[PDB]
Amino acid sequence: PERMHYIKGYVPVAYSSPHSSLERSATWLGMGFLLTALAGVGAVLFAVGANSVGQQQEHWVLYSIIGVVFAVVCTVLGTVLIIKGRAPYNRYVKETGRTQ
Amino acid sequence: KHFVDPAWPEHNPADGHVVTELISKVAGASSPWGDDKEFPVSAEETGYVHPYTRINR
Amino acid sequence: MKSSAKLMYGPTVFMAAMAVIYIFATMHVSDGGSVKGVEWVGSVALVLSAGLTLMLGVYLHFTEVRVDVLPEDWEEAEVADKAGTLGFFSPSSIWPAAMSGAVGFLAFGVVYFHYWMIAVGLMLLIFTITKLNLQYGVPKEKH
Amino acid sequence: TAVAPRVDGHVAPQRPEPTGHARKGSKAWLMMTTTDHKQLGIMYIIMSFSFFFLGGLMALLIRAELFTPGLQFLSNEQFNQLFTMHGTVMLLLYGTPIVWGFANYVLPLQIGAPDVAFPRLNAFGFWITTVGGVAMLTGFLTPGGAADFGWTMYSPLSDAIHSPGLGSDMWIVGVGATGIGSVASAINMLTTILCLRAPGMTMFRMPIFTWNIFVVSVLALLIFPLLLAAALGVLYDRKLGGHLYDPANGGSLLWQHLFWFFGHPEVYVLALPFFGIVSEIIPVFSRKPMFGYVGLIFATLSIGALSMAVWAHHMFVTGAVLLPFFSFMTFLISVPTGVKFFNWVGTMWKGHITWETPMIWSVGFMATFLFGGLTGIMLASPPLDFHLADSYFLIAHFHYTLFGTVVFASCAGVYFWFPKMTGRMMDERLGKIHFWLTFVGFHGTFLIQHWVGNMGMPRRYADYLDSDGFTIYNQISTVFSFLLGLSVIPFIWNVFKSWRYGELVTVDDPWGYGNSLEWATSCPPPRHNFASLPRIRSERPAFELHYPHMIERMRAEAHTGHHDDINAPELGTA
Amino acid sequence: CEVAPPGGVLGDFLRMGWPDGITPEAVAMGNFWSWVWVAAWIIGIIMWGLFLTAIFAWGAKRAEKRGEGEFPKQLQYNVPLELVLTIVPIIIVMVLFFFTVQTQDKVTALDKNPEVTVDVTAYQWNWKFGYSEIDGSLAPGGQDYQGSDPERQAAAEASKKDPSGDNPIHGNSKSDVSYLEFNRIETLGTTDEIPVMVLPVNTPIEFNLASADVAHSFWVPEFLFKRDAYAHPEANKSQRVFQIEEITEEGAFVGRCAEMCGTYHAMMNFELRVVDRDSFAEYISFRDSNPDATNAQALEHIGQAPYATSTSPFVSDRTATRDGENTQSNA
Amino acid sequence: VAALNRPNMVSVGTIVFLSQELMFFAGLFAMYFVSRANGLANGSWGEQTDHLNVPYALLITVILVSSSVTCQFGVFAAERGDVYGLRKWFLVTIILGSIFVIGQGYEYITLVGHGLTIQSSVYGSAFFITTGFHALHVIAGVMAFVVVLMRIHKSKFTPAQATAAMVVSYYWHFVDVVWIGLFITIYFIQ
Ligand code: HAS
Ligand code: HAS
Ligand SMILES: [Ca+2]
Ligand SMILES: [Cu+2]
Ligand SMILES: [Mn+2]
């Protein structure tokens, strides 16, 4: 423990190493929000589709705007959080020069 | 000071602890007879008495 | 237990977000072919499902900040690391079958709703559970 | 890495004797007091298939009655009870128990543990599930017969007013006893994976099967107690004077929402483990590792996460649910299933496929579930569901998905792990006969029911007029249904013969290229599953154990355009 | 959809057994179904092809005869292709959901301005139809016809409470029937006669569903639509009203129950008979003028079949039906 | 060196079980709130809910949280290896739990005394199912404490018995939490 040791010519499977991104909570939370973001895409599609046949005439702008707002906040949150969770991996790749 | 059952294993709290609600020194469940034991033991130390017995023919 | 403590955060946040989205949606969208108004069944289920996954995740994380670098989680561990006692495991026991039968008797009792069957079922059930829990601690025969 | 000195006069351990040599009385009391995960899993599997045959007999009776117009030998009441009990036993007494049986046998071998976390709890789960099964089936001994309200048990039809007779009650208890049996099985599988993994087996070196079982464990723990609460509420309304499910309280839609919140995760609980079983079978017989491993893990977790939001697409014709939201979510849940399909065909891409029996079963499962899910997408859109809902189109859809994901893939799993479970290999010829019979009989039975569903025949219809115009299609369905019934004769004979006189297994992996850890140990395993643990270092312990010369290739060709990271300098010191 | 199917044998195959439909939204649903089936067939063949390729092209004996060796390339990860193949179904279901929303919303919208509204009652095990309101064009009186029966509906409103007092369900009696509409022009379905509702051509029509007993469903396969009928639909938060823009062609069409209600669920058929608009005025004036006359007598007054030609009543004997002649001779 | 600190397997098992039971109570919550949503249209809820006795509810709530406090003192005694402190505090917890059971029982007896039962109204059915299932859980918890006392009376007090006491404490704390939720729902948020 406390440090790894690889000889030249040896390539391991990278997962669950101390530098791995799967081992940290930011990444998984970002996956959750990234999945959530597609709901806003569905919402805006529902709004404009209902508009296409002359329905939802009294609220369709609000539904489209709130769908887009939720989508953009969720997707940017997921992307940023994922990148934060992957920062240790980038530092390790700078450190060692091995990708796996 | 508090009482301690003598079956309790000895340890130094200053560098660890014996068991908590969250963690323990075992992967599975602890021994009902004490993890500090070292089985097996001798025949006479077991306390068992095997019966010789015969029946009529 | 690091990875599994933290991978539970995706499902729980997704369920919570769906719960809030759904509550706002059903309380506002007056679409034809449906009736406006918050529905409590479904919303309660979503929030308490998020609750279940959050309970699991938070307990596992709260525990995992205590434990050491176990060899099963160390990516280059040797088979000699885990040498020792793994733990205590029940070799055999008749009591699972007995208490399954007791629960069956109780269930049949509430089927026909004969009160004596319910009472005898509950008594038999706690008896079998007690015998299960005292199996490896019954005193030696007192001479 | 350490290399040990040689041992003087070393001999490999005595691997256990195969099955069929057991003496008299060698399993009776062992069975009654068992707390071994693997013997217990075998009896799980046998009991589940017993219930499978029992339910399928009722299915054949249904088909025989619908062969021609007019009630030839059943009444309306008997027909209703038949489809109710066929659905209930096939979903709850066959499917979920076979899932937990395969989990109990395989998962400790895959994660490199000796036993499950809670042995007596596992035995309790088995016995309580069988108790629930017998309670559920006891309704037929009633003079008035068993429950008659469909496997969903919609209200107010299940009210005390509208469903008297004790069979209606026995269903409620038989289901509940089954549900807690499932929960007791799940408590183990989470705690086991969390606490008894082998050294060096990090979480992302687990096989895909146990990942699916993990996700299914959390999903099942979410949803079985909700069923128990709803069912106890219904029994409370029935026996006492309760009013919670009264229609004037909104009880009908309350029950529908609560039940289907339970029920759609149940079908995903049946779905994921058999996806995992084929995800283990396909890499072995194509001699290629699993394609997109962590991608498949993310897809499985995505299915688990989406299953909880999809539930109300079973109610598009109720006029109560919000259509666009649930239609969008049940479209989203198609994506990871398609990812899994793409990964399967990808790992098969330019492989060396050998066609032993489990590979035949796996490709058959893929071919069937493709059309099943393709039909499910059509059912997902409300405007098509307004016509399709609760017709024979729905029947054909869910029989495609269930008969594909459960029956085909469970048979694949049986053929795959019969060596590891018995120390003997199944008859190949009988296996192929069984497969072709089941395949042709199935597609004959259920492909034509799409047309009767479209033409206007509703589900659960016991009799129909000669002038309606769909008698010939039912006749074609019935003949191939009897063929489906005949198909299981070679399966039963093959299992019976192979158990007691089958080909003995010598090597640890008769298929040759087993990737997962259970193929490194003996056939059968010893009582505690492992006479020695390999050096676990990837998702293929057994493969890299048995083929060292392949390792330099296996680590190098893994990624398209693989980086130069093999040439990177040394990173530390011992 | 606004775009028609391919037609011909391709359309018949893509249909694939759907009725042609007799309303505008039925046409819309059929078109959407046909194009969705086209896309589904594309996916089905383009993956069955890959499985067949595995069966015939990627076999082990071929590659070993070719000298490929004991093992293949051992590829595991192709991340860009994986992301592309993940993005493809996302876009497919997205663009599908757009048209789904379109067709669904034009189906379900309750703004079709009914000329006729018929209250429908489902009960174990038959249908009862009642004309609720009729526009002045078709009504006998020139002014709009309103069919609610005062005395019989007053009984329904009086049933809500106080049968000397039980009132358990939110202060109302457990046997409340105030949600049912009782009309003076009614057609009552029996085991001896299949009920027939008479409707005109080319008028927006409305259906108002409810259920005396357990939940039922109203399914007309020629509408390509079905809706659940519940007891206390307001209490269930279920939408009990649905409108058809019109019916486009005359004829007799069977309609069934599509919800498991009980023992005689299969016997609960009805017929929907669509008649010339000028004849509907005669029908309603005849039923109004001499209410003692039966539905069959009114249908004779039109000059069409007195009984449901689409489906005849089932034989009600549990032994006579064994030889397959389970059909009653209405006349 | 001493061994690693590994997760307590039985604690993970019981926590997973309590997380499962939370979804059991989710169903009763959903049924109650659907009943309340229906009732608030007619205002009949606002009448039936006036039958209840909130200060008595507060008293039994105080008793149950006192039970929780005593239970956790017993747990501290257990982790110290002191069997007698465990016996003390667990017997006190058993007493308080029995008093809570009697409290709910007397509540039910008085309520049927002055015109609220399962047949009286939808409020009656919802109230009694929601509180009675929790009452059965409290009874099972008292039984669990008594079984723990049997265990530590018969067997020598090893870590295997200490973790058993620790595990039953989790269940009792879950019982207290769900009572707090039920009380806030029924007597306060009403
Ligand atoms: C193991 C058991 C089951 C599985 C698996 C299953 C899968 C699905 N089902 Fe289902 N099903 C429904 C929808 C789906 C969907 C969307 C999926 C998904 O798993 C399907 C995804 C699977 C695939 C294999 C996807 C295709 C694969 C690929 C690679 C392409 C990706 C997808 C693309 C590109 C989009 C397609 C593209 C197009 C152009 C169409 C719906 C409603 O949306 C209902 C209720 C209808 C009603 O009115 O009652 C329903 C009804 C049932 C019932 C009713 C029982 C009863 O009523 O009593 C059961 C037991 C059942 C079982 C099962 N079902 N299903
Ligand atoms: C896992 C889930 C399921 C499987 C597998 C399954 C298999 C079949 N099904 Fe099905 N089912 C239908 C036809 C079949 C047929 C012909 C088979 C076949 O797999 C059956 C053949 C297989 C067999 C296996 C039976 C052969 C038995 C033999 C040859 C010998 C028996 C004698 C002995 C002694 C057995 C040996 C015993 C030993 C212990 C060794 C039909 C229509 O043809 C309906 C709708 C009908 C309606 O109107 O509602 C239906 C309804 C349902 C429903 C909805 C129920 C409801 O709406 O309430 C569900 C959930 C379901 C699930 C499942 N079903 N099925
Ligand atoms: Ca027939
Ligand atoms: Cu579903
Ligand atoms: Mn319906």
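Coordinate-derived values only; no laboratory data. Quick reminder, even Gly has a Cβ in these numbers, built from the backbone with ideal geometry, and neighbours come from all protein chains shown.
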Practice problem: Specify the residue with the greatest mean-square fluctuation among E:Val27, E:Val201, E:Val88, computed from a Gaussian network of chain E linking alpha-carbon atoms under 10 Å apart. | Solution: E:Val88
Quiz item: Using the alpha-carbon atoms, what tilt in degrees (0 to 90, nearest 10) does helix D:293-306 show relative to the longest principal axis of chain D?
Solution: 30 degrees
Quiz item: Once the Cβ-Cβ distance between D:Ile46 and C:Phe88 is put in as r, and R0 is 30 Å, what FRET efficiency do you end up with, to the nearest 0.05?
Solution: 0.55
Quiz item: In chain E, which helices (entire DSSP H runs) extend 27 Å or more along their own long axis, judged by Cα positions, while averaging at least 1.0 on the Kyte-Doolittle scale?
Solution: E:24-56, E:79-108
Self-check item: Relative pair counts by distance (%), Cα atoms of region D:259-332, 10 Å bins
Solution: 17, 39, 25, 14, 4, 0
Quiz item: Taking +1 at the Cβ of each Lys and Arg and -1 at the Cβ of each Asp and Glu, which of F:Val168, F:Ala126, F:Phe100 sits farthest along the dipole of region F:9-188 towards its positive end, judged by Cα position relative to the Cα centre?
Solution: F:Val168
Practice problem: Please sort D:491-502, D:375-386, D:103-114 by packing, taking for each peptide the average over its residues of neighbouring beta carbons within 10 angstrom, highest first. | Solution: D:103-114, D:375-386, D:491-502
Quiz item: Taking the alpha-carbon centroid of each part, what is the distance from region D:423-479 to region A:1-78 in angstrom?
Solution: 43 Å
Quiz item: Considering chain F as a Gaussian network with a 10 Å cut-off on Cα pairs, which listed residue, F:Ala164, F:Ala77, F:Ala37, attains the greatest mean-square fluctuation?
Solution: F:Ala37
Exercise. Bin all alpha-carbon pair distances of chain F at 10 Å intervals from 0 and give each bin's fraction as a whole percent.
Key: 8, 33, 30, 17, 9, 3, 0, 0
Self-check item: Column: log10 I(q)/I(0), Debye, Cα scatterers of region E:53-124, q = 0.24 Å⁻¹
Solution: -1.09
Practice problem: Compare the Cα positions of E:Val93, E:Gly30, E:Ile45 along the charge dipole of region E:8-108 (+1 at Cβ of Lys, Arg; -1 at Cβ of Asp, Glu; about the Cα centre) and return the one farthest towards the positive end. | Solution: E:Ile45
Quiz prompt | Computed over chain B, the ratio Rg/Rh where both radii use C-alpha atoms and Rh is Kirkwood | solution = 1.24
Quiz item: Angle between the Cα long axis of helix F:122-154 and the longest principal axis of chain F, 0 to 90 degrees, nearest 10?
Solution: 20 degrees
Quiz prompt | Inter-centroid distance (Cα atoms) of region C:24-80 relative to region E:291-331, Å | solution = 58 Å
Quiz item: Does chain D classify as rounded, prolate or oblate by the C-alpha gyration tensor (a ≥ b ≥ c root eigenvalues; a/c under 1.5 gives rounded; else a/b over b/c gives prolate, otherwise oblate)?
Solution: prolate
Self-check item: Using alpha-carbon coordinates, inclination of helix D:409-422 to the longest axis of chain D, degrees
Solution: 40 degrees
Quiz prompt | Exercise: per-residue mean of other protein chain Cβ atoms within 10 Å, D:201-209 | solution = 5
Practice problem: Would you mind putting F:53-60, D:233-240 in packing order, based on average other-beta-carbon counts within 10 Å, highest first? | Solution: D:233-240, F:53-60
Exercise. Mind counting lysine pairs for me in chain D? Cα separation below 29 Å, and the two need to be 8 or more apart along the chain or on different chains.
Key: 23
Quiz item: Which whole-Hz ³J(HN,Hα) couplings does region B:26-31 yield from phi under the Karplus relation 6.51 cos²θ - 1.76 cosθ + 1.60, θ = phi - 60°, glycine and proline marked x?
Solution: 10, 7, x, 6, 6, 5
Quiz item: Can you give the direction-averaged projected area of the convex hull of the alpha-carbon atoms in region E:128-210, in nm²?
Solution: 7.7 nm²
Quiz item: Taking only the alpha carbons of chain E, what extent do you get along each of the three principal axes, in Å, biggest first?
Solution: 92, 51, 49
Exercise. Would you pull out the residues with amide H under 5 Å of A:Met4's amide H, same chain only if 5 or more places away, H placed 1.01 Å from N?
Key: none
Quiz item: Under a no-solvent Debye model with one identical scatterer per Cα of region D:287-401, what's log10 I(q)/I(0) at q = 0.11, 0.12, 0.23 Å⁻¹?
Solution: -0.45, -0.53, -1.30
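Out of all DSSP beta bridges with both ends in region E:116-302, state the antiparallel percent to the nearest 5.
Bridges in region E:116-302 that DSSP calls antiparallel: roughly 70 percent.
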Practice problem: Beyond 19 Å, what share of the Cα-Cα pairs of region D:177-326 is found? Please give it as a whole percent. | Solution: 62 percent
Practice problem: Among DSSP beta bridges whose residues both lie in chain E, state the antiparallel percentage, nearest 5. | Solution: 70 percent
Quiz item: Going down the table (A:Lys94/B:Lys25; B:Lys1/C:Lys131; C:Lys36/E:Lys161), which pairs top 32 Å between alpha carbons?
Solution: A:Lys94/B:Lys25; B:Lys1/C:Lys131
Self-check item: Relative packing of peptides D:79-89, C:72-82, E:49-59, F:78-88 - highest average C-beta neighbours within 10 Å first
Solution: D:79-89, F:78-88, C:72-82, E:49-59
Quiz item: When the Debye formula is applied to the Cα atoms of region D:8-128, each taken as the same point scatterer, what base-10 log of I(q)/I(0) results at q = 0.22 Å⁻¹?
Solution: -1.21
Quiz item: Equivalent-ellipsoid semi-axes (√(5λ), Cα gyration tensor) for the protein assembly as shown, whole Å, largest first?
Solution: 55, 39, 31
Practice problem: Could you work out how far apart the two model spin labels at A:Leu62 and F:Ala2 are, taking each label as a point 7 Å from the Cα in the direction of the beta carbon, and quote it in nm? | Solution: 6.2 nm
Quiz item: Computed over the Cα atoms of region E:8-108, what is the convex hull's projected area averaged over all directions, in nm²?
Solution: 10.0 nm²
Quiz item: What does the average come to when, for each residue of peptide D:261-271, you count the partner chain Cβ atoms lying within 10 Å of its Cβ?
Solution: 1
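Per residue of E:47-55, what is the mean number of Cβ atoms on other protein chains within 10 angstrom of that residue's Cβ?
Across the residues of E:47-55, the mean count of other-chain Cβ atoms within 10 Å is 6.
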Quiz prompt | Directionally averaged projected area (convex hull, Cα atoms, region F:96-190), nm² | solution = 6.9 nm²
Quiz item: Beyond 15 Å, what percent of the Cα pairs of region F:8-88 remain?
Solution: 77 percent
Quiz prompt | Radius, Kirkwood style, for region E:156-197 when every pair of distinct Cα atoms is counted (Å) | solution = 12.5 Å
Practice problem: Specify the inter-centroid distance of region D:38-79 and region F:36-72, based on alpha-carbon positions, in whole Å. | Solution: 49 Å
Quiz item: Using only the Cα atoms, what convex hull volume per residue in Å³ does region E:116-302 have?
Solution: 132 Å³
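With the alpha-carbon atoms as the only input, what is the per residue convex hull volume for chain C in Å³?
Looking at chain C, the number lands at 241 Å³ per residue.
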Exercise. Would you please report the Å³ per residue occupied by the convex hull of the alpha carbon atoms in region D:231-290?
Key: 79 Å³
